[PDB]
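Student: The structure follows.
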Amino acid sequence: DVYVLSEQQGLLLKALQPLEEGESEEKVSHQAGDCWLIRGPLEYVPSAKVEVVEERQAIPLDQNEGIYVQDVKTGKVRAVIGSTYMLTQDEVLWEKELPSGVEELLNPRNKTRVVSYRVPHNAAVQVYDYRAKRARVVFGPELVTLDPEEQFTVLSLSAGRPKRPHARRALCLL
Amino acid sequence: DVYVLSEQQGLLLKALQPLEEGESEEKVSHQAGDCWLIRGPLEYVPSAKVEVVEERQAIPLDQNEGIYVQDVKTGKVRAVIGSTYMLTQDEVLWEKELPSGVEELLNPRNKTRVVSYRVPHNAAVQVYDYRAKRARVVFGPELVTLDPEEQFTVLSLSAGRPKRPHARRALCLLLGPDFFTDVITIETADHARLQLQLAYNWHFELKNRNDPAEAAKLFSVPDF
């Protein structure tokens with residue numbers, strides 16, 4: 001059956017054979033050794049010169065929330081948020097991870113989606129950028145969305161009648 | 001049988017075949033790979049070029065009450081309230097959820113319908129927007145309907161003869177005159193310890209319902 005498909009659906013199409021600039025709907029040249037995604041509310045059939053790869057699907061999203069991506073080629077990684085967004089021909093989900101900052105963050109998860117943390121208006125937190133090296137801060141009643149490389153600057157509050165620094169931890173500053 | 005159907009009923013219609021701009025009642029073009037809902041007090045039969053999908057039905061509603069929706073495409077989410085409203089061709093119910101704020105809210109549920117909370121006239125609550133980042137406040141004898149992303153700013157009241165902050169929780173702020181008792185020990189300069197039972201009359205002033213900033217003062221304290 002012809003691959004009729006919704007715009008939400010997508011198909012990467014690796015080619016076993018060299019250029020297809022002719023008789024393609026896009027007329028675009030396509031050398032072997034690299035290929036492309038196809039999507040849109042339309043029917044499609046594989047050409048003899050090209051093979052189907054995978055059924056990447058819609059990745060629904062709303063504002064101030066999203067998922068990480070990274071190019072296989074250049075290797076650059078970035079978060080993306082807001083509009084619904086499928087991986088393109090090369091981008092892939094990337095696994096962000098934390099140095100035991102997660103359980104406090106909660107106070108099972110697909111880490112590939114961008115991590116975020118609601119900040120109480122009294123609270124404030126630090127994020128020391130390791131990319132542009134531009135550390136920055138939030139202060140107010142709003143959620144915060146990390147760049148994947150930007151680790152939190154967690155603080156170790158003192159606690160108890162004796163003031164022991166190790167006694168408690170809280171990323172937020174009340 | 002022909003799909004005769006009430007306006008309340010609806011049918012999404014995915015097409016297996018390309019454009020149907022011809023001989024359609026709407027004359028509208030319809031490329032394959034994306035499709036549309038059909039509804040209205042009318043009979044309908046599927047075309048050979050298109051297949052039936054699902055029987056989405058009426059979603060009855062009244063004023064100041066409704067349900068969440070989100071586009072599969074743009075991914076934008078919004079509450080809708082008031083008039084009865086079926087999901088369109090792409091919109092779908094979305095699952096709002098809370099950080100254990102629910103049981104207090106009650107003081108089993110389909111979370112996809114918009115959550116709401118009646119507010120007693122003495123009571124007031126905060127909602128710190130995470131979308132437009134426009135935090136806002138209610139104060140009066142009226143129900144409140146959240147934007148799905150707008151979490152409550154729950155407060156942790158102190159309780160007991162000792163004043164322990166962790167002891168109680170209440171999203172509402174009963175800011176009326178109702179005096180609260182307090183017990184604080186003290187000692188005289190001559191080293192004579194003594195206990196005290198001391199009531200506190202109290203109330204929050206409000207120059208205007210109109211000014212958000214005074215409410216920002218009301219919520220500025222973690223625990224007044």
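We name chains A, B, ... following the order of the structure tokens; residues begin at 1 in each chain, and ligands are numbered from 1 as shown.
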Got a sec: who's within 8 Å of region 4-13 of chain A, counting only C-alpha atoms, leaving out chain neighbours fewer than 3 positions off, as a ChimeraX atom specification?

Tutor: /A:35-44,50-58,86,89 /B:16-17,32-35,72-73

Student: Under the rule of at most 10 Å, produce a per-residue listing of chain B near chain A: chain, number, name, the closest pair of atoms, and the distance in Å, as a Markdown table, using only C-alpha atoms.

Tutor:
| residue | atom | partner | partner_atom | distance |
| --- | --- | --- | --- | --- |
| B:14 | CA | A:6 | CA | 8.8 |
| B:15 | CA | A:4 | CA | 8.4 |
| B:16 | CA | A:4 | CA | 6.3 |
| B:17 | CA | A:43 | CA | 7.4 |
| B:18 | CA | A:43 | CA | 7.1 |
| B:19 | CA | A:42 | CA | 9.6 |
| B:30 | CA | A:41 | CA | 9.4 |
| B:31 | CA | A:42 | CA | 6.1 |
| B:32 | CA | A:42 | CA | 4.0 |
| B:33 | CA | A:41 | CA | 2.7 |
| B:34 | CA | A:41 | CA | 4.1 |
| B:35 | CA | A:41 | CA | 7.8 |
| B:70 | CA | A:62 | CA | 8.1 |
| B:71 | CA | A:60 | CA | 7.9 |
| B:72 | CA | A:60 | CA | 5.7 |
| B:73 | CA | A:84 | CA | 5.7 |
| B:74 | CA | A:83 | CA | 4.6 |
| B:75 | CA | A:61 | CA | 4.2 |
| B:76 | CA | A:62 | CA | 4.5 |
| B:77 | CA | A:62 | CA | 6.0 |
| B:78 | CA | A:62 | CA | 9.5 |
| B:99 | CA | A:107 | CA | 9.5 |
| B:127 | CA | A:141 | CA | 9.0 |
| B:128 | CA | A:141 | CA | 5.6 |
| B:129 | CA | A:142 | CA | 6.9 |
| B:130 | CA | A:142 | CA | 5.3 |
| B:131 | CA | A:64 | CA | 6.8 |
| B:132 | CA | A:142 | CA | 9.5 |
| B:133 | CA | A:142 | CA | 6.3 |
| B:134 | CA | A:142 | CA | 9.0 |
| B:135 | CA | A:141 | CA | 7.3 |
| B:149 | CA | A:63 | CA | 9.3 |
| B:150 | CA | A:142 | CA | 9.6 |
| B:151 | CA | A:118 | CA | 9.2 |
| B:153 | CA | A:120 | CA | 7.7 |
| B:154 | CA | A:120 | CA | 9.9 |
| B:216 | CA | A:121 | CA | 9.9 |
| B:219 | CA | A:121 | CA | 9.0 |
| B:220 | CA | A:122 | CA | 7.2 |
| B:221 | CA | A:122 | CA | 8.1 |
| B:222 | CA | A:122 | CA | 7.4 |

Student: Please produce a file of the residues just selected, as a short mmCIF file (atom, residue, chain, number, x, y, z; two decimals), in the first residue's frame, where the atoms kept are N, CA and C atoms.

Tutor:
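The resulting selection.cif:
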data_model
loop_
_atom_site.label_atom_id
_atom_site.label_comp_id
_atom_site.auth_asym_id
_atom_site.auth_seq_id
_atom_site.Cartn_x
_atom_site.Cartn_y
_atom_site.Cartn_z
N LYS B 14 -10.19 10.63 7.97
CA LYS B 14 -8.90 10.47 7.31
C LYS B 14 -9.09 9.98 5.88
N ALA B 15 -8.34 10.55 4.94
CA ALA B 15 -8.46 10.15 3.54
C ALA B 15 -7.31 9.25 3.12
N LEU B 16 -7.64 8.14 2.46
CA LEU B 16 -6.62 7.24 1.93
C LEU B 16 -6.10 7.71 0.58
N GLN B 17 -6.76 8.70 0.01
CA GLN B 17 -6.51 9.09 -1.37
C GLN B 17 -6.37 10.61 -1.45
N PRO B 18 -5.61 11.12 -2.44
CA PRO B 18 -5.41 12.56 -2.62
C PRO B 18 -6.67 13.39 -2.85
N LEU B 19 -6.50 14.53 -3.52
CA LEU B 19 -7.46 15.63 -3.44
C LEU B 19 -8.89 15.27 -3.85
N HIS B 30 -8.57 18.78 -0.67
CA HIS B 30 -8.13 18.00 0.48
C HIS B 30 -7.02 17.03 0.12
N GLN B 31 -5.78 17.47 0.29
CA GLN B 31 -4.63 16.62 0.04
C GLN B 31 -4.53 15.51 1.08
N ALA B 32 -3.97 14.38 0.66
CA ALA B 32 -3.75 13.26 1.56
C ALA B 32 -2.63 13.59 2.55
N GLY B 33 -2.65 12.93 3.71
CA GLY B 33 -1.66 13.19 4.74
C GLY B 33 -2.15 14.12 5.83
N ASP B 34 -3.35 14.67 5.64
CA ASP B 34 -4.03 15.47 6.66
C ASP B 34 -5.52 15.56 6.37
N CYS B 35 -6.34 15.56 7.42
CA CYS B 35 -7.78 15.54 7.21
C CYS B 35 -8.58 16.31 8.26
N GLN B 70 -5.47 20.45 23.26
CA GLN B 70 -4.15 20.75 22.71
C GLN B 70 -4.02 20.29 21.27
N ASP B 71 -3.47 21.14 20.42
CA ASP B 71 -3.22 20.78 19.03
C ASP B 71 -2.12 19.74 18.95
N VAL B 72 -2.32 18.73 18.10
CA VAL B 72 -1.28 17.76 17.82
C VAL B 72 -0.16 18.44 17.03
N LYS B 73 -0.53 19.46 16.26
CA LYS B 73 0.42 20.12 15.37
C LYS B 73 1.30 21.12 16.10
N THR B 74 0.78 22.32 16.33
CA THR B 74 1.55 23.39 16.96
C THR B 74 1.92 23.04 18.40
N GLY B 75 1.12 22.19 19.03
CA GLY B 75 1.40 21.73 20.38
C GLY B 75 0.89 22.67 21.45
N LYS B 76 0.25 23.76 21.04
CA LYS B 76 -0.30 24.72 21.99
C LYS B 76 -1.48 24.14 22.76
N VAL B 77 -1.54 24.42 24.05
CA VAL B 77 -2.60 23.92 24.91
C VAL B 77 -3.43 25.07 25.48
N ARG B 78 -4.74 24.87 25.56
CA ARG B 78 -5.61 25.89 26.13
C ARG B 78 -6.84 25.28 26.77
N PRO B 99 1.14 18.84 41.97
CA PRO B 99 2.09 18.31 42.96
C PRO B 99 1.46 18.14 44.34
N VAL B 127 -2.02 32.49 41.76
CA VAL B 127 -1.68 31.67 40.61
C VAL B 127 -0.56 32.32 39.79
N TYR B 128 0.63 31.75 39.92
CA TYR B 128 1.83 32.27 39.28
C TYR B 128 1.96 31.69 37.88
N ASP B 129 1.59 32.48 36.88
CA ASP B 129 1.58 32.02 35.50
C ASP B 129 2.98 31.60 35.06
N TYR B 130 3.06 30.48 34.35
CA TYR B 130 4.32 30.02 33.79
C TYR B 130 4.34 30.22 32.28
N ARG B 131 3.23 30.74 31.75
CA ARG B 131 3.12 31.00 30.32
C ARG B 131 3.53 32.43 30.01
N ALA B 132 2.64 33.36 30.33
CA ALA B 132 2.91 34.78 30.14
C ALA B 132 3.71 35.33 31.32
N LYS B 133 3.95 34.47 32.31
CA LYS B 133 4.64 34.83 33.54
C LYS B 133 3.91 35.95 34.28
N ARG B 134 2.60 36.03 34.07
CA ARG B 134 1.77 37.02 34.73
C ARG B 134 1.04 36.39 35.91
N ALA B 135 1.67 36.42 37.08
CA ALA B 135 1.04 35.93 38.29
C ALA B 135 -0.17 36.79 38.63
N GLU B 149 -1.35 25.53 32.61
CA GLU B 149 0.03 25.65 33.08
C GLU B 149 0.18 26.48 34.36
N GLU B 150 -0.89 27.13 34.79
CA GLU B 150 -0.80 28.03 35.94
C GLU B 150 -1.04 27.32 37.27
N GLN B 151 0.05 26.89 37.89
CA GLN B 151 0.03 26.21 39.18
C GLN B 151 -0.35 27.14 40.33
N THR B 153 -0.01 28.79 44.05
CA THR B 153 1.05 29.06 45.01
C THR B 153 0.56 28.69 46.41
N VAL B 154 0.63 27.40 46.73
CA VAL B 154 0.15 26.89 48.01
C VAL B 154 1.02 27.41 49.16
N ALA B 216 0.45 41.18 46.10
CA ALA B 216 1.82 40.68 46.00
C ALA B 216 2.48 40.82 47.36
N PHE B 219 1.20 37.95 49.50
CA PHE B 219 1.80 36.67 49.20
C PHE B 219 3.32 36.70 49.31
N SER B 220 3.86 37.87 49.60
CA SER B 220 5.31 38.04 49.69
C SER B 220 5.88 37.19 50.82
N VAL B 221 5.10 37.04 51.88
CA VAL B 221 5.50 36.20 53.00
C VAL B 221 5.27 34.73 52.70
N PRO B 222 6.29 33.90 52.95
CA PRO B 222 6.15 32.44 52.88
C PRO B 222 5.08 31.93 53.85
#

Student: Please report as a Markdown table every residue of region 22-122 of chain B lying within 10 Å of region 5-12 of chain B, along with the nearest atom pair and their distance in Å (one decimal), using only C-alpha atoms.

Tutor:
| residue | atom | partner | partner_atom | distance |
| --- | --- | --- | --- | --- |
| B:35 | CA | B:12 | CA | 7.6 |
| B:36 | CA | B:12 | CA | 5.7 |
| B:37 | CA | B:12 | CA | 4.1 |
| B:38 | CA | B:11 | CA | 5.2 |
| B:39 | CA | B:10 | CA | 4.6 |
| B:40 | CA | B:7 | CA | 3.6 |
| B:41 | CA | B:7 | CA | 4.2 |
| B:42 | CA | B:5 | CA | 5.5 |
| B:43 | CA | B:5 | CA | 5.8 |
| B:44 | CA | B:5 | CA | 7.7 |
| B:51 | CA | B:12 | CA | 9.0 |
| B:52 | CA | B:12 | CA | 6.7 |
| B:53 | CA | B:12 | CA | 5.4 |
| B:54 | CA | B:11 | CA | 5.7 |
| B:55 | CA | B:11 | CA | 5.1 |
| B:56 | CA | B:10 | CA | 5.2 |
| B:57 | CA | B:9 | CA | 4.6 |
| B:58 | CA | B:8 | CA | 4.6 |
| B:59 | CA | B:8 | CA | 8.1 |
| B:60 | CA | B:8 | CA | 9.0 |
| B:84 | CA | B:8 | CA | 9.0 |
| B:85 | CA | B:8 | CA | 9.0 |
| B:86 | CA | B:10 | CA | 7.8 |
| B:87 | CA | B:10 | CA | 9.0 |
| B:88 | CA | B:12 | CA | 8.4 |
| B:89 | CA | B:12 | CA | 6.4 |
| B:90 | CA | B:12 | CA | 9.3 |

Student: Mind dumping the selected residues with N, CA, C and O atoms as an mmCIF file, in the first residue's frame?

Tutor:
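Saved to part.cif:
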data_model
loop_
_atom_site.group_PDB
_atom_site.id
_atom_site.type_symbol
_atom_site.label_atom_id
_atom_site.label_comp_id
_atom_site.auth_asym_id
_atom_site.auth_seq_id
_atom_site.Cartn_x
_atom_site.Cartn_y
_atom_site.Cartn_z
ATOM 1 N N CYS B 35 -6.340 15.558 7.415
ATOM 2 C CA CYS B 35 -7.784 15.544 7.214
ATOM 3 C C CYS B 35 -8.576 16.314 8.262
ATOM 4 O O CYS B 35 -8.023 17.134 8.993
ATOM 5 N N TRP B 36 -9.876 16.039 8.331
ATOM 6 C CA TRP B 36 -10.800 16.952 8.994
ATOM 7 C C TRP B 36 -12.002 16.282 9.659
ATOM 8 O O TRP B 36 -12.388 15.166 9.308
ATOM 9 N N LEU B 37 -12.574 16.982 10.636
ATOM 10 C CA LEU B 37 -13.826 16.590 11.282
ATOM 11 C C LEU B 37 -15.055 16.960 10.454
ATOM 12 O O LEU B 37 -15.027 17.927 9.696
ATOM 13 N N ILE B 38 -16.129 16.191 10.604
ATOM 14 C CA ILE B 38 -17.429 16.546 10.041
ATOM 15 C C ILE B 38 -18.543 16.407 11.075
ATOM 16 O O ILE B 38 -18.650 15.389 11.755
ATOM 17 N N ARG B 39 -19.373 17.439 11.184
ATOM 18 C CA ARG B 39 -20.486 17.434 12.125
ATOM 19 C C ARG B 39 -21.593 18.374 11.670
ATOM 20 O O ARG B 39 -21.377 19.247 10.829
ATOM 21 N N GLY B 40 -22.777 18.194 12.242
ATOM 22 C CA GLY B 40 -23.938 18.981 11.880
ATOM 23 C C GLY B 40 -25.154 18.083 11.783
ATOM 24 O O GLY B 40 -25.022 16.882 11.574
ATOM 25 N N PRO B 41 -26.351 18.662 11.926
ATOM 26 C CA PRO B 41 -27.574 17.857 11.908
ATOM 27 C C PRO B 41 -27.876 17.361 10.502
ATOM 28 O O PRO B 41 -28.772 17.883 9.844
ATOM 29 N N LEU B 42 -27.129 16.359 10.049
ATOM 30 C CA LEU B 42 -27.232 15.923 8.665
ATOM 31 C C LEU B 42 -26.787 14.485 8.427
ATOM 32 O O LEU B 42 -26.037 13.904 9.214
ATOM 33 N N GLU B 43 -27.294 13.915 7.340
ATOM 34 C CA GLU B 43 -26.833 12.632 6.837
ATOM 35 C C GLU B 43 -25.507 12.777 6.105
ATOM 36 O O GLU B 43 -25.216 13.829 5.539
ATOM 37 N N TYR B 44 -24.701 11.722 6.119
ATOM 38 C CA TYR B 44 -23.451 11.724 5.372
ATOM 39 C C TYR B 44 -23.008 10.320 5.006
ATOM 40 O O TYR B 44 -23.197 9.385 5.773
ATOM 41 N N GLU B 51 -11.822 7.442 4.302
ATOM 42 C CA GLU B 51 -12.323 6.473 5.276
ATOM 43 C C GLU B 51 -12.773 7.133 6.578
ATOM 44 O O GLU B 51 -12.276 8.191 6.959
ATOM 45 N N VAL B 52 -13.725 6.495 7.252
ATOM 46 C CA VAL B 52 -14.189 6.940 8.562
ATOM 47 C C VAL B 52 -13.112 6.664 9.609
ATOM 48 O O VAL B 52 -12.323 5.733 9.459
ATOM 49 N N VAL B 53 -13.063 7.480 10.658
ATOM 50 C CA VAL B 53 -12.077 7.282 11.716
ATOM 51 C C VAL B 53 -12.713 6.988 13.068
ATOM 52 O O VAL B 53 -12.600 5.876 13.582
ATOM 53 N N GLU B 54 -13.380 7.980 13.645
ATOM 54 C CA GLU B 54 -13.890 7.835 15.001
ATOM 55 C C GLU B 54 -15.156 8.646 15.244
ATOM 56 O O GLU B 54 -15.424 9.633 14.559
ATOM 57 N N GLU B 55 -15.928 8.206 16.233
ATOM 58 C CA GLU B 55 -17.204 8.823 16.573
ATOM 59 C C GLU B 55 -17.098 9.779 17.754
ATOM 60 O O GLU B 55 -17.707 9.533 18.795
ATOM 61 N N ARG B 56 -16.334 10.860 17.612
ATOM 62 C CA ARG B 56 -16.280 11.853 18.681
ATOM 63 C C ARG B 56 -17.662 12.457 18.863
ATOM 64 O O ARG B 56 -18.363 12.727 17.889
ATOM 65 N N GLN B 57 -18.055 12.660 20.114
ATOM 66 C CA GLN B 57 -19.426 13.038 20.427
ATOM 67 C C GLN B 57 -19.502 14.408 21.076
ATOM 68 O O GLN B 57 -18.495 15.100 21.213
ATOM 69 N N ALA B 58 -20.709 14.796 21.467
ATOM 70 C CA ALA B 58 -20.926 16.088 22.096
ATOM 71 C C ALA B 58 -20.211 16.155 23.433
ATOM 72 O O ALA B 58 -20.083 15.152 24.131
ATOM 73 N N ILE B 59 -19.745 17.347 23.784
ATOM 74 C CA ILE B 59 -19.052 17.554 25.041
ATOM 75 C C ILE B 59 -19.751 18.707 25.745
ATOM 76 O O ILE B 59 -19.307 19.854 25.673
ATOM 77 N N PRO B 60 -20.877 18.404 26.406
ATOM 78 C CA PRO B 60 -21.755 19.427 26.983
ATOM 79 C C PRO B 60 -21.059 20.266 28.041
ATOM 80 O O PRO B 60 -20.268 19.738 28.820
ATOM 81 N N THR B 84 -20.957 24.371 24.712
ATOM 82 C CA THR B 84 -20.607 22.989 24.416
ATOM 83 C C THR B 84 -19.615 22.971 23.264
ATOM 84 O O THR B 84 -19.755 23.736 22.312
ATOM 85 N N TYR B 85 -18.614 22.104 23.345
ATOM 86 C CA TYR B 85 -17.545 22.131 22.358
ATOM 87 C C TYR B 85 -16.879 20.782 22.139
ATOM 88 O O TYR B 85 -16.219 20.247 23.028
ATOM 89 N N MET B 86 -17.061 20.241 20.940
ATOM 90 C CA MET B 86 -16.359 19.044 20.502
ATOM 91 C C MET B 86 -14.906 19.367 20.156
ATOM 92 O O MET B 86 -14.590 20.500 19.793
ATOM 93 N N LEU B 87 -14.025 18.379 20.281
ATOM 94 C CA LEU B 87 -12.680 18.498 19.739
ATOM 95 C C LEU B 87 -12.771 18.682 18.235
ATOM 96 O O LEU B 87 -13.607 18.061 17.582
ATOM 97 N N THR B 88 -11.918 19.532 17.679
ATOM 98 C CA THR B 88 -11.880 19.701 16.233
ATOM 99 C C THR B 88 -11.033 18.601 15.601
ATOM 100 O O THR B 88 -10.815 17.551 16.203
ATOM 101 N N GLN B 89 -10.563 18.845 14.383
ATOM 102 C CA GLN B 89 -9.825 17.844 13.623
ATOM 103 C C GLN B 89 -8.511 17.429 14.278
ATOM 104 O O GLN B 89 -8.039 16.313 14.064
ATOM 105 N N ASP B 90 -7.917 18.314 15.071
ATOM 106 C CA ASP B 90 -6.595 18.040 15.624
ATOM 107 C C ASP B 90 -6.528 18.135 17.145
ATOM 108 O O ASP B 90 -5.709 17.467 17.772
#

Student: Find the spatial neighbours of region 164-169 of chain B, counting only C-alpha atoms, within a cut-off of 12 Å - ignore same-chain residues fewer than 5 positions away - and output them as a tab-separated table (two decimals) with N, CA and C atoms, in the first residue's frame.

Tutor:
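And here's around.tsv as it stands now:
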chain	number	residue	atom	x	y	z
B	100	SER	N	0.57	17.16	44.47
B	100	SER	CA	-0.11	16.86	45.73
B	100	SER	C	-0.92	18.04	46.25
B	101	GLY	N	-1.33	18.93	45.35
B	101	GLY	CA	-2.19	20.03	45.72
B	101	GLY	C	-3.66	19.67	45.63
B	103	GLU	N	-5.60	17.00	47.04
B	103	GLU	CA	-6.39	16.60	48.20
B	103	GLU	C	-6.82	17.80	49.04
B	104	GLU	N	-5.97	18.82	49.12
B	104	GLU	CA	-6.35	20.06	49.78
B	104	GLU	C	-7.42	20.75	48.95
B	105	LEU	N	-7.32	20.59	47.64
B	105	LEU	CA	-8.25	21.20	46.70
B	105	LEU	C	-9.64	20.61	46.90
B	107	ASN	N	-10.61	19.72	49.75
B	107	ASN	CA	-11.00	20.18	51.07
B	107	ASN	C	-11.36	21.66	51.04
B	153	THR	N	-0.01	28.79	44.05
B	153	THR	CA	1.05	29.06	45.01
B	153	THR	C	0.56	28.69	46.41
B	154	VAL	N	0.63	27.40	46.73
B	154	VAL	CA	0.15	26.89	48.01
B	154	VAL	C	1.02	27.41	49.16
B	155	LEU	N	0.39	27.67	50.30
B	155	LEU	CA	1.09	28.20	51.46
B	155	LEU	C	1.04	27.21	52.62
B	156	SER	N	2.07	27.23	53.46
B	156	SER	CA	2.15	26.35	54.62
B	156	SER	C	1.93	27.10	55.94
B	157	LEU	N	0.68	27.18	56.39
B	157	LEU	CA	0.35	27.84	57.65
B	157	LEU	C	0.94	27.12	58.86
B	158	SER	N	1.30	27.89	59.89
B	158	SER	CA	1.69	27.32	61.17
B	158	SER	C	0.47	26.90	62.00
B	159	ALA	N	0.65	25.95	62.91
B	159	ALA	CA	-0.45	25.47	63.74
B	159	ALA	C	0.02	24.90	65.08
B	174	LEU	N	-7.55	32.64	54.85
B	174	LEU	CA	-8.64	33.16	55.67
B	174	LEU	C	-8.17	34.40	56.40
B	182	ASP	N	-1.48	32.56	70.68
B	182	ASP	CA	-0.04	32.33	70.60
B	182	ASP	C	0.58	32.15	71.99
B	183	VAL	N	1.58	31.28	72.07
B	183	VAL	CA	2.27	31.02	73.32
B	183	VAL	C	3.78	31.14	73.14
B	222	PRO	N	6.29	33.90	52.95
B	222	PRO	CA	6.15	32.44	52.88
B	222	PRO	C	5.08	31.93	53.85
B	223	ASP	N	4.95	32.61	54.99
B	223	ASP	CA	4.00	32.23	56.02
B	223	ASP	C	3.75	33.39	56.99
B	224	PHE	N	2.67	34.14	56.75
B	224	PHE	CA	2.41	35.36	57.51
B	224	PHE	C	2.18	35.12	58.99

Student: Out of region 1-115 of chain A, which residues get strand (DSSP E or B) from DSSP, as a list in words?

Tutor: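 So the strand (DSSP E or B) residues in region 1-115 of chain A would be residues 5, 10, 11, 12, 13, 36, 37, 38, 39, 42, 54, 66, 67, 68, 69, 70, 77, 78, 79, 80, 81, 92 and 113 of chain A.
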
Student: Write out as a ChimeraX atom specification all residues of region 103-145 of chain B that backbone DSSP assigns to alpha helix (DSSP H).

Tutor: /B:103-106

Student: Please write the residues from the selection above to a file, keeping N, CA and C atoms, as an mmCIF file, in the first residue's frame.

Tutor:
data_model
loop_
_atom_site.group_PDB
_atom_site.id
_atom_site.type_symbol
_atom_site.label_atom_id
_atom_site.label_comp_id
_atom_site.auth_asym_id
_atom_site.auth_seq_id
_atom_site.Cartn_x
_atom_site.Cartn_y
_atom_site.Cartn_z
ATOM 1 N N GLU B 103 -5.600 16.998 47.045
ATOM 2 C CA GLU B 103 -6.393 16.603 48.202
ATOM 3 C C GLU B 103 -6.821 17.805 49.039
ATOM 4 N N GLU B 104 -5.966 18.818 49.124
ATOM 5 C CA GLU B 104 -6.352 20.063 49.776
ATOM 6 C C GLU B 104 -7.422 20.753 48.950
ATOM 7 N N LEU B 105 -7.315 20.592 47.637
ATOM 8 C CA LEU B 105 -8.248 21.202 46.703
ATOM 9 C C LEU B 105 -9.638 20.612 46.898
ATOM 10 N N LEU B 106 -9.673 19.340 47.280
ATOM 11 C CA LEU B 106 -10.922 18.658 47.594
ATOM 12 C C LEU B 106 -11.485 19.147 48.926
#

Student: Taking only C-alpha atoms into account, which of A:68, A:152, A:139, A:130 comes nearest residue 96 (chain A)?

Tutor: A:68

Student: Enter the distance from CA of residue 80 (chain A) to CA of residue 92 (chain A), in Å, rounded to one decimal.

Tutor: 11.9 Å

Student: Separation of CA of residue 138 (chain B) and CA of residue 80 (chain B), in Å?

Tutor: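 So the answer is 19.6 Å.
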
Student: From the set B:83, B:47, B:188, B:181, which residue has the shortest atom-to-atom contact distance to residue 62 (chain B), counting only C-alpha atoms?

Tutor: B:83

Student: For residue 117 (chain B), find every residue with an atom within 9 Å (counting only C-alpha atoms), except residues of its own chain fewer than 3 positions away, and show them as a PyMOL selection string.

Tutor: chain B and resi 105-106+142-146

Student: Could you write those residues out with C-alpha atoms, as a PDB file, in the first residue's frame?

Tutor:
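Output contents, as saved in selection33.pdb:
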ATOM      1  CA  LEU B 105      -8.248  21.202  46.703  1.00  0.00           C
ATOM      2  CA  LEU B 106     -10.922  18.658  47.594  1.00  0.00           C
ATOM      3  CA  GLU B 142     -16.161  33.330  43.357  1.00  0.00           C
ATOM      4  CA  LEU B 143     -14.870  30.230  41.595  1.00  0.00           C
ATOM      5  CA  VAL B 144     -11.514  30.303  39.835  1.00  0.00           C
ATOM      6  CA  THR B 145     -10.599  28.567  36.584  1.00  0.00           C
ATOM      7  CA  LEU B 146      -6.945  27.794  35.907  1.00  0.00           C
TER       8      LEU B 146
END

Student: For a test of reading the model, state the distance in Å between CA of residue 31 (chain A) and CA of residue 16 (chain A), rounded to one decimal.

Tutor: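 CA of residue 16 (chain A) lies 9.8 Å from CA of residue 31 (chain A).
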
Student: Between A:21, A:166, A:112, A:129, which residue has the minimum interatomic distance to residue 70 (chain A), considering only C-alpha atoms?

Tutor: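 Answer, going by the shortest atom-to-atom distance: A:112.
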
Student: Could you check the closest approach to residue 137 (chain B) for each of B:22, B:152, B:200, B:63 and tell me which residue wins, using only C-alpha atoms?

Tutor: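 Closest to residue 137 (chain B), using only C-alpha atoms: B:152.
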
Student: Skip region 72-79 of chain A itself and residues of its chain fewer than 2 positions away, then list as a count of residues only all residues within 7 Å of it, counting only C-alpha atoms.

Tutor: 10

Student: Identify, on the basis of only C-alpha atoms, every residue whose closest approach to residue 81 (chain B) does not exceed 7 Å; exclude the query and any residue fewer than 5 positions from it along the same chain; express the result as a list in words.

Tutor: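 Neighbouring residues, sequence-local ones excluded: residues 63, 64, 65, 66 and 67 of chain B.
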